[PDB]
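Engineer: below you'll find the sequence and an experimental structure to go with it.
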4 protein chains.
Amino acid sequence: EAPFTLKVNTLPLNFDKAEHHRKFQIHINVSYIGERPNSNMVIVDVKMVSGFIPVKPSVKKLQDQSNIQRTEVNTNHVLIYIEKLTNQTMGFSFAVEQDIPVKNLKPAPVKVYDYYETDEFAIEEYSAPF
Amino acid sequence: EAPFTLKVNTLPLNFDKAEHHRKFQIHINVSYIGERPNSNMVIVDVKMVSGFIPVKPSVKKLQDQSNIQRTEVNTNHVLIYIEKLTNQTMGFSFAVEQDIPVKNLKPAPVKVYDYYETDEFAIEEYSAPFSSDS
Amino acid sequence: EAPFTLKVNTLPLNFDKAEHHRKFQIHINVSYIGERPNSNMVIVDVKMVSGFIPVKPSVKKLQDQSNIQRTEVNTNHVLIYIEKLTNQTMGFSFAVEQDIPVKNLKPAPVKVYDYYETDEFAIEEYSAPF
Amino acid sequence: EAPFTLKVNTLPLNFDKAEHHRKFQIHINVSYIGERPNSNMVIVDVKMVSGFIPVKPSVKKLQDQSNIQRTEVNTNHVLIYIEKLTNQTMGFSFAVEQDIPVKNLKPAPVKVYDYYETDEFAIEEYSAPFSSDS
């Protein structure tokens, strides 16, 4: 029903090690399936699972992709500015690491929406691989 | 209906403005409520939670108490040898500190049992005093 | 001449094995032979031989000793805080393991000094058992 | 004054941001400068350095060259059978990877010799391309 398709998956990283903090990759898969041939600039808003913060370098290297204008790291939110989306899938990802341990972890929301047409959006949830 | 009463509580010591490594206190409250007037020597087995090890000095100073014969620090386990337990509460504690980052936040078990009557025991759980999302 | 006696010796560990990294024990023998009956808090600063890093658990277990208040592991330096020293020898040790192989290894310095009287110190060198 | 010229160089392939196991290239540069117009079949014997084994595919692909009859991979040794050498330089290479952690950083020998005239040879050394303290 939504004009955007959004699939969020998580994959653990360095789980068998010791001196490292819990860390995982957040994979975002998105596309535009609305009436228009393509969307305008799109924003993917990823809220952090409690106690987890984004690994800055991995977030910033997303800007290297031509379809990703820029990235912002605010308080427990990662913003990804995407140039355009068509019905072709776009799959990108970034890592997050545990800053403060928190139990009974609840899922965090991910929102994708057209910057100029906010009524066009899709919301999905994801949870830490633990 | 265990022949022993066991209550385990944790008290965060510096979880807010700690310097390098945060630590907390494990309070053990136990008594014997079985059929005998008192127990024989009792062993309290405290398993450590992920990423935590006992602060040795605090464990050893438990031996200063008349009712505590000795203490043992094994791989992720603390053993406390108690001379005797009655239906009167015995409340002791020791500290544990973080050696490596947490790999989980699961609860660790605590077992209290009569050395000569192993069939008489009680098991309870506890976990690191981290803030909850709930 | 120095108010502190300092002797540093190294002993190889797990040298006949295979899947393990080169590893060795650093033995520190120290005492105070100055004018005072004893020193104040003393600091032993052990610099790492290139490519070698300290085996954390062995460094931390030094704190179990009553005469060792605490230990610090900084960048290629291990600091040991000793409560007091008299003319009686104090011999402790910890292990270090090869993180990155480096050839033509030069000796690394070890410094012992009174925290409040820095003019009172002794410096010695040690090298990897290879 | 060897009847063969032998130069061995190593090129680190991923010693900086490697994933699990780092590997490097061994470049062999050789020629025949003896009294004859050319040599007979020549054998280059490359001994491996501590903790390193040859990356088989790279060794085998050497056989694709017309001047290389075949290659052999023995216990910590790589043999390259060269059809012929003149005073013209022949420069080939192959990769080696780390199987077990280093037990030393000593240099390994490389020998080039005429199969039928073993008295005619040249020996040179090389070691893993690790950073130096000097």
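Structural biologist: Yes, it's here. Numbering: from 1, shown residues only, chains lettered A, B, ... in the order given.

Engineer: distance check, the residue of chain A found nearest chain C against residue C:8.
Structural biologist: Nearest residue of chain A to chain C: residue A:19, at 7.7 Å (Cβ to the nearest Cβ). (C-beta placed from N, C-alpha, C; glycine too.) Noted for residue A:19: a distance of 27 Å to residue C:8, by Cβ to Cβ, to the nearest Å.

Engineer: neighbour-wise, which of the two wins?
Structural biologist: Just comparing residue A:19 and residue C:8: by other Cβ atoms under 10 Å in any protein chain shown the higher neighbour count belongs to residue C:8, 21 against 9.

Engineer: three-state assignment of that one?
Structural biologist: Using DSSP: H, G, I helix; E, B strand; the rest coil, the structure places residue C:8 in strand.

Engineer: thinking again about what came up before, need the nearest residue in space to the residue of chain A closest to chain C, chain neighbours excluded.
Structural biologist: Using Cβ to Cβ, 6 or more residues apart in numbering or on different chains and skipping the chain neighbours, the partner closest in space to residue A:19 is residue B:100 (6.2 Å).

Engineer: that neighbour and residue B:51 touch, don't they?
Structural biologist: Yes. Using Cβ atoms under 8 Å, residue B:100 is in contact with residue B:51, at 5.1 Å.

Engineer: isn't residue A:12 up against residue A:24?
Structural biologist: Yes. Applying Cβ under 8 Å, one finds residue A:12 in contact with residue A:24, separated by 5.1 Å.

Engineer: any residues in contact with both of these two?
Structural biologist: residue A:129 (Cβ atoms under 8 Å, 6 or more residues apart in numbering or on different chains).

Engineer: ok, residue A:6 touching residue A:124?
Structural biologist: Yes. Between residue A:6 and residue A:124 a contact is recorded at 4.6 Å, counting by Cβ under 8 Å.

Engineer: common neighbours of these two, please.
Structural biologist: Counting by Cβ under 8 Å, 6+ apart, the residues touching both residue A:6 and residue A:124 are residue A:110.

Engineer: tell me which element the residue nearest the centre of chain A is part of?
Structural biologist: The residue lying closest to the centre of chain A (Cα atoms, centre = their mean) is residue A:46, at 4.5 Å. Using DSSP states H and E, residue A:46 maps to strand A:42-47.

Engineer: strand partners (parallel or antiparallel) of that strand?
Structural biologist: strand A:77-82 (antiparallel), strand A:108-114 (antiparallel) (DSSP bridges).

Engineer: all helices of chain A, in order?
Structural biologist: A:56-60 (DSSP state H).

Engineer: returning to that earlier point: touching, the residue nearest to the centre of chain A and residue A:76? I think so.
Structural biologist: No. At 9.5 Å, residue A:46 does not count as touching residue A:76 under the criterion of Cβ under 8 Å.

Engineer: returning to that earlier point: residue A:12 and residue A:24: which is more packed in?
Structural biologist: Neighbour count, other Cβ under 10 Å: between residue A:12 and residue A:24, residue A:24 has more, with 22 against 13.

Engineer: bridging residues for the more buried one?
Structural biologist: For residue A:24, the beta-bridge assignment (DSSP bridges) gives partners residue A:12, residue A:96.

Engineer: coming back round to it: and the residue of chain A closest to chain C, what does it touch?
Structural biologist: B:100, B:101, C:56.

Engineer: so the last one is in contact with residue C:72, correct?
Structural biologist: Spelled out, that is residue C:56. No. Assessed by Cβ under 8 Å, residue C:56 is found out of contact with residue C:72, at 11.3 Å.

Engineer: of the two, which one has the most company?
Structural biologist: Using other Cβ under 10 Å, the more surrounded residue of residue C:56 and residue C:72 is residue C:56, with 18 against 13.

Engineer: how much space separates that one from chain D?
Structural biologist: Relative to chain D, residue C:56 is positioned 18 Å away (Cβ to the nearest Cβ, to the nearest Å).

Engineer: same question for residue A:63.
Structural biologist: From residue A:63 to chain D the distance is 20 Å (Cβ to the nearest Cβ).

Engineer: cool, residue A:12 as well?
Structural biologist: Taking Cβ to the nearest Cβ, one finds residue A:12 at 17 Å from chain D.

Engineer: which ones are touching that residue?
Structural biologist: With Cβ under 8 Å, 6+ apart, residue A:12 has these contacts: A:23, A:24, A:25, A:129, A:130.

Engineer: now the two most distant members of those residues.
Structural biologist: A:25 and A:130 (13.5 Å; Cβ to Cβ).

Engineer: what are the buried residues along stretch A:122-130?
Structural biologist: Of all the residues in stretch A:122-130, those buried under the rule 16 or more other Cβ atoms under 10 Å in any protein chain shown are A:122, A:124, A:126, A:128, A:129.

Engineer: identify the residues contacting that stretch?
Structural biologist: A:2-12, A:22, A:24, A:26, A:30, A:49, A:52, A:105-113, B:104.
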